[PDB]
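Source file: my_file23.pdb (PDB, C-alpha atoms)
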```pdb
ATOM      1  CA  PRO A   2      62.227 -24.785 -14.699  1.00  0.00           C
ATOM      2  CA  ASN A   3      59.482 -22.655 -16.287  1.00  0.00           C
ATOM      3  CA  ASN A   4      57.381 -20.685 -13.798  1.00  0.00           C
ATOM      4  CA  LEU A   5      54.149 -19.715 -15.601  1.00  0.00           C
ATOM      5  CA  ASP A   6      51.671 -19.277 -12.692  1.00  0.00           C
ATOM      6  CA  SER A   7      51.376 -15.464 -13.220  1.00  0.00           C
ATOM      7  CA  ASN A   8      50.327 -15.823 -16.843  1.00  0.00           C
ATOM      8  CA  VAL A   9      46.896 -17.155 -15.843  1.00  0.00           C
ATOM      9  CA  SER A  10      44.199 -16.176 -13.390  1.00  0.00           C
ATOM     10  CA  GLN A  11      42.193 -18.089 -10.736  1.00  0.00           C
ATOM     11  CA  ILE A  12      38.704 -18.369 -12.174  1.00  0.00           C
ATOM     12  CA  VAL A  13      35.448 -18.887 -10.334  1.00  0.00           C
ATOM     13  CA  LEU A  14      32.957 -19.919 -13.032  1.00  0.00           C
ATOM     14  CA  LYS A  15      29.513 -18.316 -13.141  1.00  0.00           C
ATOM     15  CA  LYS A  16      27.530 -21.436 -12.198  1.00  0.00           C
ATOM     16  CA  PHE A  17      25.850 -22.689  -9.041  1.00  0.00           C
ATOM     17  CA  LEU A  18      25.554 -26.174  -7.636  1.00  0.00           C
ATOM     18  CA  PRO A  19      22.218 -27.761  -6.675  1.00  0.00           C
ATOM     19  CA  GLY A  20      21.075 -27.318  -3.076  1.00  0.00           C
ATOM     20  CA  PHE A  21      19.151 -29.430  -0.619  1.00  0.00           C
ATOM     21  CA  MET A  22      15.430 -28.860  -0.948  1.00  0.00           C
ATOM     22  CA  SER A  23      12.361 -30.101   0.918  1.00  0.00           C
ATOM     23  CA  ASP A  24       9.825 -32.189  -0.960  1.00  0.00           C
ATOM     24  CA  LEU A  25       6.590 -30.116  -0.470  1.00  0.00           C
ATOM     25  CA  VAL A  26       4.037 -32.938  -0.611  1.00  0.00           C
ATOM     26  CA  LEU A  27       1.421 -31.356   1.648  1.00  0.00           C
ATOM     27  CA  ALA A  28       1.401 -28.108  -0.328  1.00  0.00           C
ATOM     28  CA  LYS A  29       0.916 -29.852  -3.641  1.00  0.00           C
ATOM     29  CA  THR A  30      -1.825 -32.246  -2.438  1.00  0.00           C
ATOM     30  CA  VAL A  31      -4.270 -30.065  -0.392  1.00  0.00           C
ATOM     31  CA  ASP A  32      -7.044 -28.184  -2.179  1.00  0.00           C
ATOM     32  CA  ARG A  33      -5.783 -24.859  -3.451  1.00  0.00           C
ATOM     33  CA  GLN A  34      -8.720 -23.772  -5.687  1.00  0.00           C
ATOM     34  CA  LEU A  35     -11.427 -22.849  -3.180  1.00  0.00           C
ATOM     35  CA  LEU A  36      -9.350 -20.383  -1.168  1.00  0.00           C
ATOM     36  CA  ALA A  37      -7.724 -18.562  -4.152  1.00  0.00           C
ATOM     37  CA  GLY A  38      -8.402 -14.822  -4.297  1.00  0.00           C
ATOM     38  CA  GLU A  39     -11.155 -15.112  -1.676  1.00  0.00           C
ATOM     39  CA  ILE A  40      -9.451 -13.105   1.116  1.00  0.00           C
ATOM     40  CA  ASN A  41      -9.005  -9.503  -0.041  1.00  0.00           C
ATOM     41  CA  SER A  42      -9.454  -5.938   1.172  1.00  0.00           C
ATOM     42  CA  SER A  43     -13.256  -6.061   1.231  1.00  0.00           C
ATOM     43  CA  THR A  44     -13.226  -9.206   3.372  1.00  0.00           C
ATOM     44  CA  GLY A  45     -11.159  -8.432   6.441  1.00  0.00           C
ATOM     45  CA  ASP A  46      -9.421 -10.899   8.684  1.00  0.00           C
ATOM     46  CA  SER A  47     -11.103 -14.226   7.749  1.00  0.00           C
ATOM     47  CA  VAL A  48     -13.855 -15.780   5.593  1.00  0.00           C
ATOM     48  CA  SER A  49     -16.253 -18.763   5.581  1.00  0.00           C
ATOM     49  CA  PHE A  50     -17.601 -21.533   3.311  1.00  0.00           C
ATOM     50  CA  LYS A  51     -20.954 -23.394   3.429  1.00  0.00           C
ATOM     51  CA  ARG A  52     -21.243 -26.889   4.983  1.00  0.00           C
ATOM     52  CA  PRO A  53     -23.451 -29.243   2.876  1.00  0.00           C
ATOM     53  CA  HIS A  54     -26.967 -30.141   4.124  1.00  0.00           C
TER      54      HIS A  54
ATOM     55  CA  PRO B   2     -37.896 -24.667  12.709  1.00  0.00           C
ATOM     56  CA  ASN B   3     -35.361 -23.609  10.071  1.00  0.00           C
ATOM     57  CA  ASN B   4     -32.120 -21.844  10.998  1.00  0.00           C
ATOM     58  CA  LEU B   5     -30.777 -20.015   7.959  1.00  0.00           C
ATOM     59  CA  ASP B   6     -28.371 -17.348   9.174  1.00  0.00           C
ATOM     60  CA  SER B   7     -25.105 -19.136   8.352  1.00  0.00           C
ATOM     61  CA  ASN B   8     -26.240 -18.980   4.726  1.00  0.00           C
ATOM     62  CA  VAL B   9     -25.805 -15.220   4.500  1.00  0.00           C
ATOM     63  CA  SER B  10     -23.167 -12.652   5.410  1.00  0.00           C
ATOM     64  CA  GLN B  11     -23.222  -9.285   7.228  1.00  0.00           C
ATOM     65  CA  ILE B  12     -22.515  -6.721   4.524  1.00  0.00           C
ATOM     66  CA  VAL B  13     -21.169  -3.172   4.737  1.00  0.00           C
ATOM     67  CA  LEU B  14     -22.157  -1.447   1.502  1.00  0.00           C
ATOM     68  CA  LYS B  15     -19.541   0.702  -0.155  1.00  0.00           C
ATOM     69  CA  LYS B  16     -21.111   4.140   0.398  1.00  0.00           C
ATOM     70  CA  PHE B  17     -20.546   7.004   2.813  1.00  0.00           C
ATOM     71  CA  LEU B  18     -23.128   9.227   4.496  1.00  0.00           C
ATOM     72  CA  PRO B  19     -22.776  13.023   4.578  1.00  0.00           C
ATOM     73  CA  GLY B  20     -20.560  14.674   7.183  1.00  0.00           C
ATOM     74  CA  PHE B  21     -20.943  18.068   8.683  1.00  0.00           C
ATOM     75  CA  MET B  22     -19.188  21.117   7.228  1.00  0.00           C
ATOM     76  CA  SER B  23     -18.392  24.741   8.039  1.00  0.00           C
ATOM     77  CA  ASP B  24     -18.441  28.089   6.239  1.00  0.00           C
ATOM     78  CA  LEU B  25     -15.353  30.052   5.209  1.00  0.00           C
ATOM     79  CA  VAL B  26     -16.263  33.755   5.223  1.00  0.00           C
ATOM     80  CA  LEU B  27     -13.234  35.412   6.837  1.00  0.00           C
ATOM     81  CA  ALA B  28     -10.810  34.128   4.212  1.00  0.00           C
ATOM     82  CA  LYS B  29     -12.832  35.552   1.333  1.00  0.00           C
ATOM     83  CA  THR B  30     -13.044  39.116   2.706  1.00  0.00           C
ATOM     84  CA  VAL B  31      -9.606  39.981   4.155  1.00  0.00           C
ATOM     85  CA  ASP B  32      -6.954  41.545   1.988  1.00  0.00           C
ATOM     86  CA  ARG B  33      -5.596  39.058  -0.516  1.00  0.00           C
ATOM     87  CA  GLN B  34      -3.774  40.644  -3.515  1.00  0.00           C
ATOM     88  CA  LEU B  35      -1.443  42.790  -1.406  1.00  0.00           C
ATOM     89  CA  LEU B  36       0.660  40.000   0.168  1.00  0.00           C
ATOM     90  CA  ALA B  37       0.473  37.614  -2.839  1.00  0.00           C
ATOM     91  CA  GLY B  38       3.803  36.195  -3.970  1.00  0.00           C
ATOM     92  CA  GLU B  39       5.669  38.676  -1.777  1.00  0.00           C
ATOM     93  CA  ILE B  40       7.356  36.201   0.559  1.00  0.00           C
ATOM     94  CA  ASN B  41       9.612  34.055  -1.643  1.00  0.00           C
ATOM     95  CA  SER B  42      13.152  32.710  -1.592  1.00  0.00           C
ATOM     96  CA  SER B  43      14.849  36.079  -2.232  1.00  0.00           C
ATOM     97  CA  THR B  44      13.049  37.588   0.745  1.00  0.00           C
ATOM     98  CA  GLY B  45      13.767  35.430   3.778  1.00  0.00           C
ATOM     99  CA  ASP B  46      10.870  34.889   6.108  1.00  0.00           C
ATOM    100  CA  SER B  47       9.226  38.343   6.343  1.00  0.00           C
ATOM    101  CA  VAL B  48       8.579  41.549   4.422  1.00  0.00           C
ATOM    102  CA  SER B  49       7.230  45.047   5.194  1.00  0.00           C
ATOM    103  CA  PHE B  50       5.016  47.869   3.910  1.00  0.00           C
ATOM    104  CA  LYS B  51       5.044  51.623   4.573  1.00  0.00           C
ATOM    105  CA  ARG B  52       2.867  53.481   7.116  1.00  0.00           C
ATOM    106  CA  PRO B  53       1.649  56.894   5.832  1.00  0.00           C
ATOM    107  CA  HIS B  54       3.227  60.205   6.817  1.00  0.00           C
TER     108      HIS B  54
END
```
Written as structure tokens, that's how I'd like the structure from this file.
Amino acid sequence: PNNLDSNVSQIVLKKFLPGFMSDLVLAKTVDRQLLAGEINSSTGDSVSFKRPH
Amino acid sequence: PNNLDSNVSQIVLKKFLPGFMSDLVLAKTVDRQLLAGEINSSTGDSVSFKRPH
């Protein structure tokens, strides 16, 4: 008839479980290089590229 | 006929023109040294000088 429950604490470990996460195909497969750093504070709202002849 | 104007962009150079300006002659000539440093935290918001007898 030993009652030891007050000798110990109730721990919550410092660890997290994995979440649900979307796949992100479209972001990783469209071209990201052309548009990088091209809109800035000299440019204004938008910006344009040249169609080939 | 050629049409070239989507090749180029409408640029605003980084430079400013001159503005107009105005002269400050009253400030220079009124009395300066007599009221200098006189209104401070020990004084509250006003101070006084003596009329002659």
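Interatomic distance, CA of residue 39 in chain A against CA of residue 16 in chain B: 21.8 Å.
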Ordered Cα pairing of chain A with chain B, RMSD after least-squares superposition: 2.3 Å
Residues of chain A within 12 Å of chain B, all atoms listed in the file counted, as a list in words: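 Every residue of chain A that passes the 12 Å test is in residues 43, 44, 45, 48, 49, 50, 51, 52, 53 and 54 of chain A.
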Point-to-point distance from CA of residue 41 in chain A to CA of residue 28 in chain A, Å rounded to tenths: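 Those two atoms sit 21.3 Å apart.
Taking CA of residue 47 in chain A as the reference point, CA of residue 11 in chain B is found at 13.1 Å.
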Provide an axis-aligned box for all listed atoms of range 7-20 of chain B, padding each side by 3 Å; report its centre and its edge lengths in Å to one decimal, as JSON.
```
{"center_x": -22.9, "center_y": -2.2, "center_z": 4.1, "size_x": 12.7, "size_y": 39.8, "size_z": 14.5}
```
